[PDB]
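Shown next, in C-alpha cells, is the structure this report addresses.
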Amino acid sequence: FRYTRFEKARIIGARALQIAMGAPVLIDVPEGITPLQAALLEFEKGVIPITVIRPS
Amino acid sequence: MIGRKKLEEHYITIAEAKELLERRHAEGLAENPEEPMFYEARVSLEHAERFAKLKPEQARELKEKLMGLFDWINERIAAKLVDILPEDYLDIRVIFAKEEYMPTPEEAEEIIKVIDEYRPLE
Amino acid sequence: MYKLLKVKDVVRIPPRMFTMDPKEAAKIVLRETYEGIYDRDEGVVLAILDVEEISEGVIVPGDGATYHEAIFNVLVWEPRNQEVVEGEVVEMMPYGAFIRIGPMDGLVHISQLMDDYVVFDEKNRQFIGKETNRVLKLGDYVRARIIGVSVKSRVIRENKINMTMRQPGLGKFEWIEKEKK
Amino acid sequence: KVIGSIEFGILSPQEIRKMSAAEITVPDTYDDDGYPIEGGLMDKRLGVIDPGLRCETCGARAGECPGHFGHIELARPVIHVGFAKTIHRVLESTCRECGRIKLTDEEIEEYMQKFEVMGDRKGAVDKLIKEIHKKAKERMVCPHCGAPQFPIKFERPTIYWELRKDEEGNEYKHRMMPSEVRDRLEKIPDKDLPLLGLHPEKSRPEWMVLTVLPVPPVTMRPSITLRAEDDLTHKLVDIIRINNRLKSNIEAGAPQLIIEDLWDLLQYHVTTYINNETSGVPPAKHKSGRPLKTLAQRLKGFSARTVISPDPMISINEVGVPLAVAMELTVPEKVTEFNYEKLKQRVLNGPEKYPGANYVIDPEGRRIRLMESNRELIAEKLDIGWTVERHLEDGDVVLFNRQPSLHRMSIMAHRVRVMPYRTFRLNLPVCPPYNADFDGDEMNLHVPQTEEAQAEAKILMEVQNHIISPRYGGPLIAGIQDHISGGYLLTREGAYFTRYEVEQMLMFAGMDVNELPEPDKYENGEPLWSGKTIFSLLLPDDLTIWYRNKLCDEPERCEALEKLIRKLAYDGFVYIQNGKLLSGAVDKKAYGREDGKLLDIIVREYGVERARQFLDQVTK
Amino acid sequence: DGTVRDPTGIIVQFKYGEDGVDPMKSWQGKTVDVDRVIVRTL
Amino acid sequence: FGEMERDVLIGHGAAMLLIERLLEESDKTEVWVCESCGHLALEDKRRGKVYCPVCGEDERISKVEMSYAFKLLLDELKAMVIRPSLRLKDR
Amino acid sequence: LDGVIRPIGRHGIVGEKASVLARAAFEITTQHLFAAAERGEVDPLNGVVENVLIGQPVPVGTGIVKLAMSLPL
Ligand SMILES: [Mg+2]
Ligand SMILES: [Mg+2]
Ligand SMILES: [Zn+2]
Ligand SMILES: [Zn+2]
Ligand SMILES: [Zn+2]
C-alpha cells in the first residue's frame, strides 16, 4: 500500500526537476524556497502525480 | 521516416486532400500558438481548391467503385483516375502508359462509363 | 498525389505544458517537429491531421518531462517518377517554366514544351512556337509527366522536379481538347 | 535514448568497407616540420586534430569531432592472431569439402539440447566446447562428405598445415594458405556454427581471416608534441608498405614463390599490428630498441576538505560549513516564481556580502561571471528560466565524508549551517559512523548540483535515516563518552536539581508549557527536582521498557521483578513507564552505540522525526 | 519479487536472507521480536 | 572518490548521485546509435544531417548519452575487427 | 552456488561470468579480456560496473524504478 524509500526519493527528485524547468506547482501559494522543497511539501500533502509502475 | 513506425498508408485524391487542408487551415483559430500553415502547404491548398474536380464525398465513392471494378486498379491508380477524370481512350492511355497493365479499348470504356457518372455537370 | 499516414510514435510532452490535454499537447509538439519537412520516404509532410490515442506517461532519469507512446494521422505528398500530373504555370523565366502541381513546383525545360520550335519572348512573359502559334504564359493550366526527381535536403524548397509536355495527351487543355478532332 | 545492451561479435569485410570514410592507400604520415596534410593515412576526409577544421563532409572543427574510421583493401587474406587458436580448434573439428561438425545426427540433437541448458554460463560452456572439439578431432568419417580422410592440422604462430596423402604410407604436410583457409570456412553452414563458438549473424568464421583491415581514426591516433609520432601510425605505414608491394607484384608477373614470401611478410606485419607482445612474433621496435606499444598494449598497460571541530549545539543531521567554503561552493538554482526575489537579492549582493552569488547561467547556456563588470546591469530582467549559482545557504543538501570509507555509514547527507572560522562542525553522536575523533582528523565536503541528486541524498542518505547500522541489529549513532556520564548523573538515586538548574537548562531541549514540567516530586528536604523525573520529560507517553543495567551483576545481581500478574524501590533493572523513569540509571547499557535496547526501540517504533529529537535533546 | 539475483539472471537466493528482513531493520537477527510485540498491550 | 567511494553510494543506492559526481561533471559525450545496426551512426556539419554506415540516411537513428571512454572502447574493439552491436532499448 | 564451493575472488566468484565489461577492465588481463573478447558470440548486461563505466545509471538502487504520470492536467 506504500512506497519504498528508493521510490520516494526518485519521485521527489522527478517532481522537483519538473518544477525547475517551469511547470506550475499544485497548491502552494505562500512559500519562498527552491523547487526541491516545493516538491517536498507537495509530497507531504500527497499531491505529487508521479506514480511508480512496479513490475509484477 | 515519419515517427517510429508506419502502420498504415492510403492514396488520397485531391478532393479529399482539399477537405483535410481546409481543416488544417481552419484549425488556427489555435490561439496559444496560432500555428500558421507553412508556405508550400498554403500553395498546396490553393492548387487543391482549384483542381478538386469533385466534392470530397463523391470522390471517395468513385475511388472505391473504381477499385472494385478491376483487380489491376489499386488505390493509387483509382485515386489518380479520380484526380484526372479521363474523358476517353487517349486519357486512359496516358494514365496506364507506365503502369503494370494496359486496359483494352473495351475495359477502358467501362472505366470511362463509371467515371461518366459523378462528373460535376456544372 | 497525396497519402494518408497513420503512424505510432513516441512524443515527449514538456513539463511547461502539463496544463493541456495530452492529445492537443502532443499534437503541438509533433506539428512543431514534423510539419514543413520532406521525409524522403514519405515525402512532403503537409500536416499532422490528429492524435487518435495516447499511452501512459513515463518519466526518464535525467529529463523530468513526460514521454508517451502516441498514435497520429498525417498527410504527405510524394512525386514518384513517370507519374502523370496536372498543374498551373506559376512562374515564367527565360530558361524554363515552373508548374505548381501541388505543394511543390515542377520545372519544365523549354525543349520539353511543345512539338515545335519554341523561343522565349523577352519583352513579354511567354513562350512562343514558330510553326504553331501556341503560346504559354503565366496562369496557364497544363498537364505534364515527371521525368526526374532531385531529393536533396528535407527542405521542400531545395528539392526539384523535372517534367515534360512533349507527349501525346499532354500540354495545355485547349491543345488537348482541340486535337481530339 | 540510453544503452539497453551491447552485443559483441566479429566485423565483416562489408562493414569495414562501408563504415570507412576513405580507402587508405598511401603509406606515409605527415611530413614535415611544416604542412602536415597528406592523402593516404592523414586527414584525407578522415579526421581533425590540428587547429584547422577541414574534414570529411562533416566539417566539425578540431574542437568536438568524433573520429572517422578508414579501411585497407588487403591484397591477400590475413589470419587474425586473436582467432588463431580458435580458427585451429575450428578447422580440425570440422570437415573440408563437407562443412559438417563431424557429429552424428543424434550427437547434434542431444548436444544442442545440452547447449541450451548452459547458454548463460561462460565458464561451463567451454568444457563442452573442448569436449566436442576432441570428440570430432578423433573421427575421420564425417556425415556430409562421403568421408575424405582428414589430414590433421598443425599451427603457430600463424601458420597452418595438413598432413595429407598422395603417395601411400606417406605423411607429407601440405602447407596452408589464408585464401584456402578462409574459402574453406565459407563452406561451413550457419547450422553448424552454434555447435561451435561462433554465430551465423554476429560472428562468421570467414571474418576471422581479415580481407580488409580497419584503420583507426585520426582522433585515436593523436600526435604527442614535443613530433613524437604515434606507434599505430608507424606500424600501419609498414603494413601498407608491404600491401602495395604485394598487389603490385600480383598484377604484374607471378613467379608464385615471390607472392608467397611477400604474403607471409604482410602476415607478419598485420600480426604485429594486432599484438606486438605476441608469442613467436619478433616485436617491431622503434630505432632505439624501445618496443612499439600497439592495440594489445593500448587497452592495457565541487568539493572541499578541512579540519573538523565538535558542536553539540547543532542538529544531528546538520553540518557546520565555514562561510568561506560556502562562498566558494555554489549551487545551480533555476529562477522560478517562489525564489525570484531571493535569487535577485543574492546576485545583487554579488560575490561579496554573505548570501551572494558568483555565476549566472541564462537559458541559452552562456555562463556569466559576476566578478568583473558589476551586479548592476547584470541582475536585470532575469525572467524565469535562468540559473543562479548562489552561495551555500543554511539547510542545503551536502555529503559529509571521512576516509577510509569502510562501511556505507562513512558518507552521510547533512544540512549546511553556515558558520565563521575555518573548520567543519560535526555533532558529536555522529562520530561513530564516521569513525572520526579530533586530534587532527580532516573530512571531505561534497556539493551535488542536479535537483535529482540533492533530493536523492536528502531522502536516502540523511543522517537521521541511518541511526541503526546494517551490520548488526543496533544503533550506530548515539552517546559517546560524556553523554554516558551525563546520563548517569542525571538518572542517579541522589539526583536533586534545584529550580535554577532544571528551569534554566531545559532550554537546551524544549517541551514544557503546561503538563510537562510539573510538579516537583521532592519537597521533603526542600522543593527540588528528582533527576528521574527530569529525564522522564522527554520519552513519549507509551514506551514501557525494562532491561537490566550494567551494574546488575556480581552478588549485586538480585532480581525481585514482579510482573503485573504505584511505589518505587528499585535501582538496577531499569524500568521506564510511559515516559516515566521509575527505576534504573542511564549508562552504556541505556544509551550509546552497539547496545540494542532503548535507542533501538524508539527508532523502530517511531523512526525519523522522533529518533532525531530524542538524540538531539539528550546530548545537550 | 523479493529475490537476490546475479546480473546475468541467476537466482542466487530465493528471497533474501531466507526471511527477507533487512538486517538494518530486524531486532538483532530476529524476524520480528515476538516477545516484545506481545507485551505491547496497553 | 575511488572504489569504496563508489561502493558507498551503491550501498545506499544513489545512482543518480554517482553519475552526478563521476561523469555529468566532466566529459559527457553524445553519440548516435543505429537501431537495427548497432553501429554508431554519423552526423555531418556543412550539410547538417545523420546517416549510419550500413543503413543509408533513410533510417532513423537514436541518440545515446555516454562517457567518452566507452566510445573510445567501442572504436578500439571495432578496429580489432570485433563488432560491439549496441542493443538500444526504448526511452 | 554452481554446485561446488569456490573462492570469492579471481579463481572463483570474481573469476566467473558476469558480462565482458566486468572482466574487460580486469586489470590489463591479456590472457583474460583478450581471451574473453576474442570470443565474439553474444553479450548481455544489467550488471553494475558495466553501467558505471559506460555512463549509465546503475540498475541497483533507484535505477530499478520506473515513473509514470498521466498529464491531464
Ligand atoms: Mg577516535
Ligand atoms: Mg583521528
Ligand atoms: Zn570528423
Ligand atoms: Zn565432409
Ligand atoms: Zn547503421
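A short reminder: the numbers here are calculations on the coordinates, not readings from a lab. As a convention, Cβ positions derive from the backbone with ideal geometry for all residues, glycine included, and neighbour counts pool all protein chains shown.
Miscellaneous remarks
- A Cβ-based charge dipole, computed about the Cα centre of segment D:467-620 with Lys and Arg at +1 and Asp and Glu at -1, lands at about 500 debye.
- Reported to the nearest whole Å, the Cα centre-to-centre distance from segment C:1-62 to segment D:436-485 is 48.
- Using the Cβ-Cβ distance between E:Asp35 and A:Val52 with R0 set to 35 Å, the FRET efficiency from 1/(1 + (r/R0)^6) comes to roughly 0.45.
- Note on segment D:356-408: dipole from Cβ charges, positive end direction compared against D:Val397, D:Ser373, D:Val360; the farthest Cα belongs to D:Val397.
- Exposure proxy shown here: for C:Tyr38, B:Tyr11, the number of other Cβ atoms within 10 Å sets the order, fewest to most, as B:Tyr11, C:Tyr38.
- Averaged over C:65-75, number of beta-carbon atoms from partner chains that fall within 10 Å: 4
- A Förster distance of 45 Å, applied to the separation of the beta-carbon atoms of B:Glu49 and F:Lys63, puts the FRET efficiency at 0.65.
- Directionally averaged shadow of chain G, computed from the convex hull of its alpha-carbon atoms, nm²: 7.9
- Residue order, fewest to most surrounding Cβ atoms within 10 angstrom, among D:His68, B:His25: B:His25, D:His68
- Packing-based order for C:42-53, B:101-112, D:278-289, C:134-145, using average beta carbon neighbours within 10 Å, highest first: C:42-53, C:134-145, B:101-112, D:278-289
- Simple Cβ-charge dipole of segment D:1-68, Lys/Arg +1 and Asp/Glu -1, about Cα centre, in debye nearest 20: 480
- Point-charge dipole on Cβ atoms (K/R +1, D/E -1) for segment B:55-122, about Cα centre, debye to 20: 260
- In degrees, nearest ten, helix A:35-44 long axis to first principal axis of chain A (Cα): 60
- Counting every alpha-carbon pair across segment D:555-615, the share separated by more than 13 Å comes to 70%.
- Descending by average beta-carbon neighbour count within 10 Å, the peptides D:418-426, D:202-210, D:156-164 line up as D:202-210, D:418-426, D:156-164, the highest first.
- Counting charges near D:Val416 (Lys, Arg +1; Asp, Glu -1) among other residues having Cβ under 10 Å from its Cβ returns a value of -2.
- Sequence-distant residues sharing a close amide H with D:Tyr160 (under 5 Å, placed H): D:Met176
- Karplus-derived HN-Hα couplings along segment D:437-446 (A = 6.51, B = -1.76, C = 1.60, θ = phi - 60°), whole Hz, x at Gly and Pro: 10, 9, 2, x, 3, 10, 10, 9, 9, 10
- Helical contribution to [θ] at 222 nm, DSSP H n ≥ 4, -39,500 (n - 2.57), averaged over the protein assembly as shown, rounded to 500: -7500 deg cm²/dmol
- Using a cut-off of 25 Å between Cα atoms, the listed pairs C:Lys27/F:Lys45; D:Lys550/D:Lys580; A:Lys45/F:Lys89 include C:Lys27/F:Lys45; A:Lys45/F:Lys89 as exceeding that distance.
- Peptide C:27-35 has a mean of 3 when you count, residue by residue, the C-beta atoms of other protein chains within 10 Å of its C-beta.
- Segment D:467-620: C-alpha pair distances exceeding 25 Å, %: 29
- If you sort the three axes of the alpha carbon gyration tensor as a ≥ b ≥ c, you get a/c under 1.5 for segment D:330-391, which makes it rounded.
- Scattering profile of segment F:1-81 at q = 0.23, 0.25 Å⁻¹ [log10 I(q)/I(0), Debye over alpha-carbon scatterers]: -1.07, -1.15
- For segment B:1-54: rounded, prolate or oblate by the Cα gyration tensor [a/c cutoff 1.5]: oblate
- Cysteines having no other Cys beta carbon under 4.7 Å from their own, within chain D: D:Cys55, D:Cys58, D:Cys65, D:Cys431, D:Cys552, D:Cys558
- Counts of other chain beta carbons within 10 angstrom of each beta carbon in peptide B:44-54 average 4.
- Charge dipole (the protein assembly as shown, unit charges on Cβ, about Cα centre) - positive-most of D:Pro222, D:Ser583, G:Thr29: G:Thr29
- The Cβ shell under 15 Å around D:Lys44 holds other residues with a net charge of -4, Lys and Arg each +1, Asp and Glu each -1.
- Counting every other Cβ atom within 10 Å of each residue's Cβ, D:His199, D:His391 order from fewest to most as D:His199, D:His391.
- Shape of the protein assembly as shown, Cα gyration tensor, a/c cut at 1.5: oblate
- The gain in end-to-end length when the F:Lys49 to F:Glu3 segment is fully stretched comes to 12.5 nm, 0.36 nm per residue minus the alpha carbon separation.
- When the protein assembly as shown is described by a simple charge dipole with +1 on each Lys and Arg Cβ and -1 on each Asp and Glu Cβ, the residue from D:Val463, D:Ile242, D:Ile16 located farthest towards its positive end is D:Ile242.
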